[PDB]
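Just the one chain here, laid out as C-alpha cells, in the form deposited in one PDB entry.
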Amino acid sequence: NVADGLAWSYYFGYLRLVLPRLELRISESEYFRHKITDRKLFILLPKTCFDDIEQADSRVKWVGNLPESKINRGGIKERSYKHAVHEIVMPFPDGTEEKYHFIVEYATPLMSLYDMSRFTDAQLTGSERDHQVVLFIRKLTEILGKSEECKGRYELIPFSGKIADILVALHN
C-alpha cells in the first residue's frame, strides 16, 4: 500500500526523532514552557479535508514555534525539526473566554496523498485517496501503539471535514 510506506516513513523519519526530544524542547522554551497546557504532540488527521489550522477552526491560531531540534540526517548537518504552538480560545455562554496552548500540527503525509489525487500521473483518484488516508491512520495508530520512545508523548486526532472542541475535550 501507498499508505503503509508513508506511515512507516512518518515514524522512522520524524516521530521517532522528535517525540523523545519534545519534553526537552518544551523546557528550553522560556516563552511557552509554563504556558503549554499539555506536553504532547497533537497530530491532526483529517479524512476529507485539504493546511492552515486557523482556516479549519477560527478559534485556533498559531502564536509561536518551540525551539527547533537540530539533527544530523541525510548529509544535512543541522536539519531543523520544530513544532508550532497554537492558542485555542473557547467562547462561552457567559460571553467569556478561556485560552489554551497546544502543540498541534497536521500529519504531513496526508498532504502528499491529497497532492497525489490532483495529478493523474500519480495514479490516485479521489476515491482511492480517501481510502489510503484511512489506511494511513490505521497503520500509524498500530505503529505508535507499540513504540517505546514515543509512549505518552502524542495524541492522534482523526476527524471528518470542531478541532478546538476535540482538543479541549481531550485535555480535560
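When you see a residue number, it is the position in the sequence shown, counting from 1. We call the rigid core whatever largest set of C-alpha positions still superposes within 1.5 Å between the two forms.
If you look for the form deposited in another entry, you will not find it shown, but the lines that follow are about it.
After superposition on the rigid core, the single residue among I143, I36, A56, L135 whose C-alpha moves by 2 Å or more between the shown form and the other one is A56.
After superposition on the rigid core, displacement of the C-alpha of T108 between the shown form and the other one stays below 2 Å.
After superposition on the rigid core, the Cα of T96 moves by 2 Å or more between the shown form and the other one. Put the two forms on the same core and the Cα of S80 is off by less than 2 Å between the shown form and the other one.
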